[PDB]
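These notes are about the structure you will find just below.
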Amino acid sequence: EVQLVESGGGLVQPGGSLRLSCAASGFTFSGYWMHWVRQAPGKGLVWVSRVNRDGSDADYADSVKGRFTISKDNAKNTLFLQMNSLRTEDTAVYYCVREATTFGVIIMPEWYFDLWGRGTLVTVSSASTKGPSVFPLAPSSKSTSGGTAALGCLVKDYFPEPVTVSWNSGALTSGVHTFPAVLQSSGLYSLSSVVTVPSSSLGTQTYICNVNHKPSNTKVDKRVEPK
Amino acid sequence: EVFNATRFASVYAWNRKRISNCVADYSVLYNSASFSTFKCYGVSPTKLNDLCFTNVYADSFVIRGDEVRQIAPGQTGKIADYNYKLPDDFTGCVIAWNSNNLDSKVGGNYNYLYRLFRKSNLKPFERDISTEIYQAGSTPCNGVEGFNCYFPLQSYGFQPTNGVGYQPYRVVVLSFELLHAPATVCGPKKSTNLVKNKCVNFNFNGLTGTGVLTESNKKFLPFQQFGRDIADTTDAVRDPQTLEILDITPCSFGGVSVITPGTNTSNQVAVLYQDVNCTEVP
Amino acid sequence: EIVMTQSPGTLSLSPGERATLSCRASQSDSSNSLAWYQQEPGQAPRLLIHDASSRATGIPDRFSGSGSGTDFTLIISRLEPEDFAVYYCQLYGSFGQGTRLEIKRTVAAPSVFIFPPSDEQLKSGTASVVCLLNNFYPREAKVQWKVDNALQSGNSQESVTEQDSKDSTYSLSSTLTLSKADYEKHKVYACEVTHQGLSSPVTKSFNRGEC
Amino acid sequence: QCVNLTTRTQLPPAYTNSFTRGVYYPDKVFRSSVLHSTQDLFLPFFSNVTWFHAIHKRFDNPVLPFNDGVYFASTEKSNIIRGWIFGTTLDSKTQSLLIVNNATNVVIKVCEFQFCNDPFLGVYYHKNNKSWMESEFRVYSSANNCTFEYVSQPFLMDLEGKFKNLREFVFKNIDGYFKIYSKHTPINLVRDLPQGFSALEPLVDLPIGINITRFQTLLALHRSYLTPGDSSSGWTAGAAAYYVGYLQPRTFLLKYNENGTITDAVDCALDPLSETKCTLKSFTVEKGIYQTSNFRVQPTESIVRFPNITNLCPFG
Ligand SMILES: *[C@@H]1O[C@H](CO[C@@H]2O[C@@H](C)[C@@H](O)[C@@H](O)[C@@H]2O)[C@@H](O[C@@H]2O[C@H](CO)[C@@H](O[C@@H]3O[C@H](CO)[C@@H](O)[C@H](O)[C@@H]3O)[C@H](O)[C@H]2NC(C)=O)[C@H](O)[C@H]1NC(C)=O
Ligand SMILES: *[C@@H]1O[C@H](CO)[C@@H](O[C@@H]2O[C@H](CO)[C@@H](O)[C@H](O)[C@H]2NC(C)=O)[C@H](O)[C@H]1NC(C)=O
Ligand SMILES: *[C@@H]1O[C@H](CO)[C@@H](O)[C@H](O)[C@H]1NC(C)=O
Ligand SMILES: *[C@@H]1O[C@H](CO)[C@@H](O)[C@H](O)[C@H]1NC(C)=O
Ligand SMILES: *[C@@H]1O[C@H](CO)[C@@H](O)[C@H](O)[C@H]1NC(C)=O
Ligand SMILES: *[C@@H]1O[C@H](CO)[C@@H](O)[C@H](O)[C@H]1NC(C)=O
Ligand SMILES: *[C@@H]1O[C@H](CO)[C@@H](O)[C@H](O)[C@H]1NC(C)=O
Ligand SMILES: *[C@@H]1O[C@H](CO)[C@@H](O)[C@H](O)[C@H]1NC(C)=O
Ligand SMILES: *[C@@H]1O[C@H](CO)[C@@H](O)[C@H](O)[C@H]1NC(C)=O
Ligand SMILES: *[C@@H]1O[C@H](CO)[C@@H](O)[C@H](O)[C@H]1NC(C)=O
């Protein structure tokens with residue numbers, strides 16, 4: 001079918017440079033005007049730039065003027081966005097979107113996007129990759145209420161891109177609460193993933209938490225003690 | 001190739017492209033509804049698809065909405081007197097359409113420029129480019145910056161969101177030459193389905209006539225278009241779309257004779273159709 | 001240049017009752033050029049309505065709205081459990097902040113648990129105390145820390161979670177981080193939670209050093 | 001690059017009788033078993049045709065005046081004759097027609113070329129690969145203000161270096177149209193044009209539209225390994241022969257067979273028998289006396305006799 005594949009992105013120190021690419025397949029890429037947009041984590045979509053059919057005229061936004069360049073070759077069939085002197089407020093996920101061309105007597109772009117490609121996350125920060133630190137969060141007496149309870153784990157100092165979590169090799173969910181990570185001082189992402197399981201069940205089956213860390217491949221498993 | 005393009009030259013340095021040796025279909029352009037201004041001088045828009053011409057001059061530029069009427073014969077103004085001038089008897093058409101969402105830059109667009117001051121009047125179809133700084137007062141200019149020395153060039157500053165009179169419009173002017181010369185550009189000619197074995201008019205590449213067209217056994221050389229008889233009479237034509245030889249036979253005709261005895265003997269009469277098969281009589 | 005302000009900021013509605021979403025444009029010269037979008041938090045925005053009047057392919061007949069002038073209003077005929085998303089408006093050169101639609105439910109009493117730092121945390125050099133509000137609705141409250149019987153702010157971080165689909169409830173987790181040298185001076189650490197659906201604000205005190 | 005090189009021998013040009021050659025279809029009208037008389041610009045039968053040589057050394061390609069209509073013939077096998085250039089000044093001031101049949105392309109451009117005074121081509125035959133490739137393109141220095149462009153689909157050519165094929169061309173520029181009539185025929189004799197009759201079919205009608213008053217023929221060089229001198233006096237090539245005739249307003253009788261091809265022709269103002277055949281509209285005339293034309297003594301001088309008065313009229 002018709003899809004747009006984003007390439008590039010990832011960690012980069014502020015003030016650096018980066019290249020983003022959008023490969024296209026299934027449609028005549030030369031004849032359609034192209035657009036680039038972005039979405040900050042938890043925020044609305046922010047437009048970035050345009051490009052013509054040949055790829056010479058652009059109207060880079062006020063937030064992205066002077067340091068963003070967009071290029072569109074017709075033969076190689078891909079779209080480029082090069083960024084220089086990146087600043088911290090530009091941490092976002094970039095999408096590349098087409099512009100509806102009527103193909104008539106005049107191409108006449110309609111200033112509308114019809115297809116959204118699968119974008120990539122770009123992060124700018126002064127920190128460096130480090131292993132997350134874990135410790136179980138098991139309620140003790142006078143802290144657990146009723147037969148049912150909640151059992152989980154807090155991860156700290158996890159700088160890189162968000163990590164996924166599982167329990168017992170993902171054999172049960174019991175209503176998993178995702179708890180998306182939050183940014184704190186000195187560039188740290190932290191999340192507390194907790195599954196509601198009654199406290200009167202530990203002792204017959206082992207409870208194992210798995211922090212499936214993909215970026216640096218530091219897979220860690222932790223054992224929770226009922227205290 | 002020239003008007004789908006995304007680049008339009010500045011008005012004072014407008015782009016002129018010659019058009020020749022092809023067929024031009026203006027009716028399809030006129031029927032399409034995506035342009036907001038169309039007017040012609042010396043010809044009506046409905047008839048261009050039936051005329052032949054020797055050369056077409058295509059002028060392309062971008063001007064603001066409140067200035068579109070400047071491109072007209074017998075007009076005065078900044079554009080008509082400093083940038084682009086056409087004669088009073090200009091024969092052609094001026095077309096203009098909305099390109100606000102394609103030729104604007106934030107904070108005013110300076111990629112497009114026009115001439116504000118010039119020392120003399122502009123002749124029709126006269127293009128000038130200069131950079132000597134204009135002089136307007138008692139201070140040296142034309143190479144030196146002083147008091148009230150201003151460049152004889154100014155920018156529209158096409159902002160992305162302006163009024164309809166300031167938005168950039170793409171204006172294309174087609175200039176026509178009725179000079180006595182072999183025509184190169186003409187409206188497309190149309191053909192209909194061929195019909196044979198009937199008395200029907202025909203217009204074969206300008207050879208007009210009436211008759212019956214039949215499949216023939218003659219063998220033209222591969223450059224001849226139609227044949228003739230001994231007495232210089234058209235008798236065969238090569239079809240321009242099938243390269244097929246068609247014999248032309250004049251439609252059956254003849255005299256009508258009324259054979260009758262005396263009116264006093266009887267009123268019964270007989271009719272003789274000379275050289276006519278009885279099947280074609282009714 | 002154009003600003004698209006969407007009103008209301010957050011609309012709460014029952015799974016069946018309808019509503020409308022209004023948008024105000026700073027400069028109303030769009031001439032009915034507008035687009036609407038519905039984006040779930042975990043996947044890309046989907047197109048809903050073009051030219052603010054017509055609907056695209058695959059959009060149900062329920063999505064149908066019309067607007068003119070600066071006030072562009074989009075109407076939704078009925079409701080289904082899919083509106084847990086953010087609605088975005090689109091002009092050619094601007095976007096809206098987004099409006100979230102939430103399924104209504106009866107007020108729920110939050111349950112807050114305080115977890116102190118562990119020994120593995122104790123030797124690292126930074127102490128974190130975490131407060132977890134669980135099974136709480138609706139999404140409006142304030143959490144306060146009492147260190148040495150004295151309130152403070154500007155030092156803790158609060159995190160919120162998207163509402164669940166099985167029972168329509170969320171959770172909030174807040175962590176206070178400090179150095180061990182400051183942590184050892186104080187002995188009592190309390191969490192106060194305030195909620196308009198609670199008869200009285202809920203206080204929970206913790207003693208340092210466990211037992 | 002413009003190169004002016006002349007190392008050829010000096011000798012007066014030769015002449016030949018054109019014979020029954022140079023008859024072209026005056027129109028695209030098909031006629032079968034019909035004798036038709038036409039009045040157009042034809043080459044007279046047994047005319048005085050000019051003979052030019054390109055033997056190895058002769059490279060005679062003079063700047064001949066282009067009268068109304070030009071007949072052209074070429075007998076060769078090395079294909080050194082390539083194309084023709086037409087114009088009035090042969091300079092950048094005036095538009096000029098240019099036709100070149102080079103190694104792989106047949107190009108026709110009418111442009112205001114800045115022609116070198118000695119235009120030609122050149123082919124290098126490298127022994128590394130035993131191939132002939134045109135390394136020299138020296139006809140004009142600039143190509144500006146081009147008006148009419150026409151390129152045929154490219155056709156590769158052997159370009160051998162050395163008289164078995166005859167290429168006959170008729171160039172007639174009237175009413176703003178330049179008409180080319182061509183006929184390719186196998187020729188066995190290698191020294192002179194055959195006596196056999198041939199009909200030249202129309203080839204291409206280019207609406208060029210200029211005064212054409214001096215045409216020149218473009219040739220090519222085949223320097224492979226026999227020239228040790230510089231590229232201003234040393235060259236080598238094969239043998240070529242081309243003839244040039246002029247067209248005149250003539251009345252002709254054309255015979256069409258049942259297939260529609262012209263098999264015979266008669267020049268009316270050639271001899272009394274031919275004029276009689278034209279009058280009778282037949283190729284064979286019976287015994288007898290036939291009145292054909294009127295003999296009139298033409299005036300030799302002009303005399304004017306006015307009164308010897310010289311005083312000017314009082315128009316002042
Ligand atoms: C209009 O008048 C002019 C000028 O005539 C002269 O000035 C008048 C004011 C009176 O004083 C006249 O008597 C006087 O001639 C006439 O033009 C003149 O045309 C004549 C005839 O072609 C010229 O004479 C010739 O000119 C040159 C030398 O210049 C030589 O060919 C001859 O040697 C001969 O002199 C004469 O020069 C010319 N006058 C001037 C001043 O150039 C004109 O003819 C008259 N209009 C008509 C319709 O007759
Ligand atoms: C067509 O162009 C030719 C080439 O110059 C013109 O022929 C010359 O005309 C001048 C006029 O002063 C004569 O002196 C020359 O003798 C002419 N040359 C020849 C070879 O006869 C010709 O006049 C032009 N015709 C038109 C109508 O412009
Ligand atoms: C175009 O011309 C060719 C040659 O006459 C003819 O075969 C063909 O049908 C024409 N195309 C049409 C009539 O659509
Ligand atoms: C017709 O017939 C009658 C009777 O035969 C004859 O007398 C009369 O003259 C005829 N009429 C004419 C006009 O000849
Ligand atoms: C009349 O037409 C028929 C059918 O084509 C033909 O056979 C016949 O010879 C024709 N008659 C004459 C008298 O020509
Ligand atoms: C052809 O011209 C040459 C010029 O030398 C002359 O000798 C010959 O007699 C001419 N033939 C004619 C005029 O028939
Ligand atoms: C064939 O066309 C090319 C490309 O336009 C042109 O440069 C060339 O002159 C032509 N061929 C030859 C053999 O000169
Ligand atoms: C071709 O046009 C230019 C300007 O477009 C003109 O000045 C010139 O005279 C023309 N070229 C030549 C070679 O005369
Ligand atoms: C006429 O053409 C035919 C083929 O149609 C051929 O057999 C015949 O020989 C030709 N006639 C003449 C006189 O050349
Ligand atoms: C001039 O005319 C007179 C009167 O007729 C005449 O006698 C005289 O011979 C003529 N002079 C000349 C030179 O013709």
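Labels used: A, B, ... for chains in the order of the structure tokens, numbers from 1 for residues in each chain, and numbers from 1 for ligands as shown.
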Any idea what's packed within 12 Å of residue 184 of chain A, counting only C-alpha atoms, ignoring anything in its chain fewer than 2 positions away? Could you give it as a PyMOL selection string?
-> (chain A and resi 156-159+181-182+186-191) or (chain C and resi 154-159+174-177)
Leaving out segment 279-289 of chain D and any residue of its chain fewer than 3 positions from it, which residues lie within 10 Å of it when counting only C-alpha atoms, given as a list in words?
->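 Contacts, in chain order: residues 34, 35, 36, 37, 253, 254, 255, 264, 265, 266, 268, 273, 274, 275, 276, 292 and 293 of chain D.
Of the residues in segment 205-249 of chain B, those given strand (DSSP E or B) by DSSP on the backbone are residues 207, 208, 209, 210, 211, 212, 213, 214, 215, 226, 227, 228, 234, 235, 236, 237, 238, 245, 246, 247, 248 and 249 of chain B.
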Point-to-point distance from atom CA of residue 94 of chain B to atom CA of residue 30 of chain C, Å rounded to tenths |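 Computing it gives 27.8 Å between the two atoms.
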Residue nearest chain C - candidates B:144, B:102, B:272, B:195, atoms counted: only C-alpha atoms = B:102
Once you count only C-alpha atoms and all ligand atoms, which residues end up within 10 Å of ligand 7, and could you hand them over as a PyMOL selection string?
-> chain D and resi 100-107+121+133-137+151-157
Mind dumping the selected residues with N, CA and C atoms as a short mmCIF file (atom, residue, chain, number, x, y, z; two decimals), in the first residue's frame?
data_model
loop_
_atom_site.label_atom_id
_atom_site.label_comp_id
_atom_site.auth_asym_id
_atom_site.auth_seq_id
_atom_site.Cartn_x
_atom_site.Cartn_y
_atom_site.Cartn_z
N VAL D 100 22.36 18.81 -40.97
CA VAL D 100 23.55 17.98 -40.81
C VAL D 100 23.13 16.54 -40.61
N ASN D 101 23.65 15.64 -41.45
CA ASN D 101 23.53 14.20 -41.25
C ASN D 101 24.88 13.69 -40.76
N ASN D 102 25.10 13.83 -39.45
CA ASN D 102 26.35 13.40 -38.83
C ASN D 102 26.30 11.92 -38.48
N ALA D 103 27.22 11.48 -37.61
CA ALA D 103 27.43 10.05 -37.37
C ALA D 103 26.14 9.31 -37.05
N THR D 104 25.32 9.87 -36.16
CA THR D 104 24.11 9.18 -35.73
C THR D 104 22.86 10.04 -35.74
N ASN D 105 22.95 11.32 -36.07
CA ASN D 105 21.81 12.22 -35.99
C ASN D 105 21.62 12.98 -37.29
N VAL D 106 20.36 13.24 -37.62
CA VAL D 106 19.97 14.09 -38.73
C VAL D 106 19.26 15.29 -38.12
N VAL D 107 19.96 16.42 -38.05
CA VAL D 107 19.49 17.60 -37.34
C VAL D 107 19.21 18.72 -38.33
N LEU D 121 33.56 18.61 -40.92
CA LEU D 121 33.52 17.69 -39.79
C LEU D 121 34.82 16.89 -39.78
N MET D 133 34.74 7.33 -34.97
CA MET D 133 33.92 8.22 -34.16
C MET D 133 34.27 9.66 -34.52
N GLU D 134 33.25 10.48 -34.74
CA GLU D 134 33.43 11.86 -35.18
C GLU D 134 34.00 12.68 -34.04
N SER D 135 35.31 12.96 -34.09
CA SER D 135 35.97 13.75 -33.06
C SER D 135 35.96 15.24 -33.34
N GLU D 136 35.61 15.66 -34.56
CA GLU D 136 35.69 17.06 -34.95
C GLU D 136 34.32 17.55 -35.38
N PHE D 137 33.84 18.60 -34.71
CA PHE D 137 32.56 19.26 -35.00
C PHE D 137 32.89 20.74 -35.13
N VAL D 151 14.64 17.42 -35.17
CA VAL D 151 15.59 16.31 -35.21
C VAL D 151 14.81 15.04 -35.53
N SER D 152 15.32 14.28 -36.49
CA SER D 152 14.76 12.98 -36.79
C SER D 152 15.27 11.96 -35.78
N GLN D 153 14.58 10.83 -35.71
CA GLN D 153 15.00 9.78 -34.80
C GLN D 153 16.40 9.31 -35.18
N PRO D 154 17.35 9.27 -34.24
CA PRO D 154 18.75 9.03 -34.61
C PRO D 154 18.95 7.70 -35.33
N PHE D 155 19.80 7.73 -36.35
CA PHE D 155 20.13 6.56 -37.15
C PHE D 155 21.64 6.45 -37.24
N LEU D 156 22.19 5.35 -36.73
CA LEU D 156 23.63 5.15 -36.74
C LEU D 156 24.14 4.90 -38.15
N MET D 157 25.39 5.29 -38.40
CA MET D 157 25.97 5.22 -39.73
C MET D 157 27.37 4.64 -39.65
#
Return as a short mmCIF file (atom, residue, chain, number, x, y, z; two decimals) with N, CA and C atoms, in the first residue's frame the residues of protein, DNA or RNA that approach ligand 9 to within 8 Å, with only C-alpha atoms and all ligand atoms taken into account.
data_model
loop_
_atom_site.label_atom_id
_atom_site.label_comp_id
_atom_site.auth_asym_id
_atom_site.auth_seq_id
_atom_site.Cartn_x
_atom_site.Cartn_y
_atom_site.Cartn_z
N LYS B 219 -3.59 1.94 -55.53
CA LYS B 219 -2.38 1.88 -54.67
C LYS B 219 -1.61 3.20 -54.76
N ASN D 257 2.09 5.85 -64.87
CA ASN D 257 1.64 4.50 -65.16
C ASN D 257 0.42 4.18 -64.30
N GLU D 258 -0.06 2.93 -64.39
CA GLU D 258 -1.26 2.56 -63.65
C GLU D 258 -1.00 2.46 -62.15
N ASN D 259 0.26 2.35 -61.73
CA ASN D 259 0.57 2.32 -60.31
C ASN D 259 0.67 3.71 -59.70
#
Expected answer as a PyMOL selection string: alpha helix (DSSP H) residues in segment 14-259 of chain B | chain B and resi 26-31+78
Deliver the residues from the most recent selection as a file, using C-alpha atoms, as a compact mmCIF listing (two decimals), in the first residue's frame.
# COMPACT_ATOMS: atom_id res chain seq x y z
CA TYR B 26 -7.64 27.55 -25.37
CA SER B 27 -11.23 26.36 -24.94
CA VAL B 28 -10.27 23.68 -22.40
CA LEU B 29 -8.32 26.27 -20.40
CA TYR B 30 -11.28 28.66 -20.50
CA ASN B 31 -13.79 26.00 -19.43
CA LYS B 78 3.36 52.23 -11.58
Could you give me, as JSON, numbers by chain, every polymer residue with an atom at most 12 Å away from an atom of ligand 8, counting only C-alpha atoms and all ligand atoms?
-> {"B": [15, 16, 17, 18, 125, 126, 127], "D": [89, 90, 91, 92, 93, 94, 95, 96, 110, 111, 112, 113, 114, 115, 141, 142, 143, 144, 145, 146, 147]}
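Nearest residue to residue 128 of chain C among C:108, C:19, C:178, C:25 is C:178, counting only C-alpha atoms.
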Give me, as an MDAnalysis selection string, the contact residues of chain B against chain D at a cut-off of 8 Å, counting only C-alpha atoms.
-> chainID B and resid 181:182 218:221 223:230
Using N, CA and C atoms, can you write the selected residues to a file as a PDB file, in the first residue's frame?
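This is the output file out.pdb:
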ATOM      1  N   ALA B 181       2.422  35.302 -42.222  1.00  0.00           N
ATOM      2  CA  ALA B 181       3.450  34.272 -42.182  1.00  0.00           C
ATOM      3  C   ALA B 181       2.759  32.920 -42.081  1.00  0.00           C
ATOM      4  N   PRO B 182       3.435  31.837 -42.466  1.00  0.00           N
ATOM      5  CA  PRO B 182       2.828  30.508 -42.317  1.00  0.00           C
ATOM      6  C   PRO B 182       2.486  30.221 -40.862  1.00  0.00           C
ATOM      7  N   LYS B 218      -7.081   0.885 -55.566  1.00  0.00           N
ATOM      8  CA  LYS B 218      -5.934   1.635 -56.053  1.00  0.00           C
ATOM      9  C   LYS B 218      -4.790   1.584 -55.045  1.00  0.00           C
ATOM     10  N   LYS B 219      -3.595   1.943 -55.530  1.00  0.00           N
ATOM     11  CA  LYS B 219      -2.384   1.883 -54.673  1.00  0.00           C
ATOM     12  C   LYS B 219      -1.611   3.204 -54.761  1.00  0.00           C
ATOM     13  N   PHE B 220      -1.956   4.179 -53.924  1.00  0.00           N
ATOM     14  CA  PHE B 220      -1.223   5.434 -53.857  1.00  0.00           C
ATOM     15  C   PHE B 220       0.218   5.184 -53.434  1.00  0.00           C
ATOM     16  N   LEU B 221       1.106   6.075 -53.857  1.00  0.00           N
ATOM     17  CA  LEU B 221       2.422   6.129 -53.249  1.00  0.00           C
ATOM     18  C   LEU B 221       2.288   6.684 -51.832  1.00  0.00           C
ATOM     19  N   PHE B 223       3.082   9.115 -50.215  1.00  0.00           N
ATOM     20  CA  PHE B 223       3.093  10.550 -49.965  1.00  0.00           C
ATOM     21  C   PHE B 223       1.885  11.269 -50.540  1.00  0.00           C
ATOM     22  N   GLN B 224       1.105  10.634 -51.408  1.00  0.00           N
ATOM     23  CA  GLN B 224      -0.034  11.281 -52.040  1.00  0.00           C
ATOM     24  C   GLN B 224      -1.259  11.232 -51.134  1.00  0.00           C
ATOM     25  N   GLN B 225      -2.069  12.287 -51.205  1.00  0.00           N
ATOM     26  CA  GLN B 225      -3.243  12.423 -50.354  1.00  0.00           C
ATOM     27  C   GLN B 225      -4.561  12.173 -51.068  1.00  0.00           C
ATOM     28  N   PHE B 226      -4.680  12.541 -52.340  1.00  0.00           N
ATOM     29  CA  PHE B 226      -5.917  12.300 -53.070  1.00  0.00           C
ATOM     30  C   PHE B 226      -5.610  12.224 -54.556  1.00  0.00           C
ATOM     31  N   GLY B 227      -6.448  11.485 -55.281  1.00  0.00           N
ATOM     32  CA  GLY B 227      -6.262  11.278 -56.698  1.00  0.00           C
ATOM     33  C   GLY B 227      -7.157  12.169 -57.547  1.00  0.00           C
ATOM     34  N   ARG B 228      -6.945  12.079 -58.858  1.00  0.00           N
ATOM     35  CA  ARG B 228      -7.710  12.845 -59.829  1.00  0.00           C
ATOM     36  C   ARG B 228      -7.953  11.993 -61.065  1.00  0.00           C
ATOM     37  N   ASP B 229      -8.922  12.423 -61.865  1.00  0.00           N
ATOM     38  CA  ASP B 229      -9.281  11.738 -63.096  1.00  0.00           C
ATOM     39  C   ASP B 229      -8.544  12.387 -64.266  1.00  0.00           C
ATOM     40  N   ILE B 230      -8.889  11.985 -65.491  1.00  0.00           N
ATOM     41  CA  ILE B 230      -8.254  12.568 -66.668  1.00  0.00           C
ATOM     42  C   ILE B 230      -8.638  14.035 -66.812  1.00  0.00           C
TER      43      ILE B 230
END
May I have the residues within 7 Å of residue 150 of chain A as a VMD selection string, using only C-alpha atoms and disregarding those fewer than 4 positions away in the same chain?
-> chain A and resid 194 to 198
Export of prior selection with C-alpha atoms as a compact mmCIF listing (two decimals), in the first residue's frame:
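That gives us again_38.txt:
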# COMPACT_ATOMS: atom_id res chain seq x y z
CA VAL A 194 1.92 -1.31 39.50
CA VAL A 195 -0.46 -4.23 38.94
CA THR A 196 -3.44 -4.65 41.29
CA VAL A 197 -3.01 -8.14 42.78
CA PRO A 198 -4.42 -9.19 46.18
What does the distance from atom CA of residue 27 of chain C to atom CA of residue 2 of chain C come to in Å, to one decimal?
->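 Answer for the atom CA of residue 27 of chain C to atom CA of residue 2 of chain C separation: 6.2 Å.
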As a compact mmCIF listing (two decimals) with N, CA and C atoms, in the first residue's frame, please: the residues near residue 133 of chain B (cut-off 6 Å, only C-alpha atoms, same-chain neighbours under 6 positions excluded).
# COMPACT_ATOMS: atom_id res chain seq x y z
N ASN B 142 23.44 57.82 -7.81
CA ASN B 142 23.93 57.03 -8.95
C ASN B 142 25.36 56.54 -8.71
N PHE B 151 17.16 53.61 -3.78
CA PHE B 151 17.30 52.65 -4.86
C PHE B 151 16.07 52.69 -5.76
N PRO B 152 16.23 52.66 -7.08
CA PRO B 152 15.05 52.70 -7.96
C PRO B 152 14.42 51.33 -8.11
